[PDB]
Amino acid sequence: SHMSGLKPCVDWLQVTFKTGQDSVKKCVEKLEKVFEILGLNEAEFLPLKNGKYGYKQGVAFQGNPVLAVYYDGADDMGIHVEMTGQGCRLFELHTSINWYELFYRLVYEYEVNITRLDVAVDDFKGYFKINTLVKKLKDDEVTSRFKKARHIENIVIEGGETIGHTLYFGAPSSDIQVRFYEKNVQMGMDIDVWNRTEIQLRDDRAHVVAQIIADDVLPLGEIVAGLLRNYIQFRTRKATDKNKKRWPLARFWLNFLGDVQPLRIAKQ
């Protein structure tokens, strides 16, 4: 492909429109309103076979469950929107608004719980190999606010080659998880370099980042880079000192974080 550089994006979104709150912001109660808030044409939503998460019914954009709106749950469950990775791309292709506008509305105009937001960086240049990260972890060259990482690798049974590496930091249910993987391998695509770094945020953490996107002032890159820097330090072993806390941050990592900083969600 002609894919190059680093590119940031929003990669998951789940929000719930609450009902019957005495709130300063507007409560949403109708599906039609939800479609409008998204900047998407009502006519394009179709019913789904099944609900999900305790909601008895759902609709989806062009019938596609990657971009779904669930409703008719137990008392006070409101309306729940779910936009997977693919759904965020689908949103982008058809919405009449901008990410910042969507988040403006969710943050400032309506009464919503933002339950999950994932932000990502695609790396088409190749600042590092995931396996280098794995190695650094196993060689005791990493510090972090997390206690453990999960390492997943695929093994092709005929031949025995290890082809794709994934690292997960934090529990999936907790309010911040970081993931690194080879997205070329994951997607079955024939591109030499495509690494993905993802931060998954839940509840309050997700709201704050939504607000920052809404206000549109700080580049998204700065939030991603600030969070990665703070949560995880890949370091270079220094023979002189045994205190890991005084090893310098590794060069590939400083370069990655420094080139991530200025990145902005594309506007149009």
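All residue numbers are counted from 1 along the displayed sequence.
- When the C-alpha B-factors of 37-45 and 204-212 are averaged, 37-45 comes out higher.
- For the pair 22-30 and 228-236, the mean Cα B-factor is higher in 22-30.
- The deposited CA B-factor of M189 belongs to the highest third of values across its chain.
- The entry lists a Cα temperature factor for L220 that places it in the middle third of the chain's modelled residues.
- Among all modelled residues in this chain, the alpha-carbon of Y168 has a temperature factor (C-alpha) in the lowest third.
- When the CA B factors of the chain's modelled residues are split into thirds, the value for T95 lands in the middle one.
- Annotation for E111: C-alpha temperature factor in the highest third relative to the rest of the modelled chain, per the entry.
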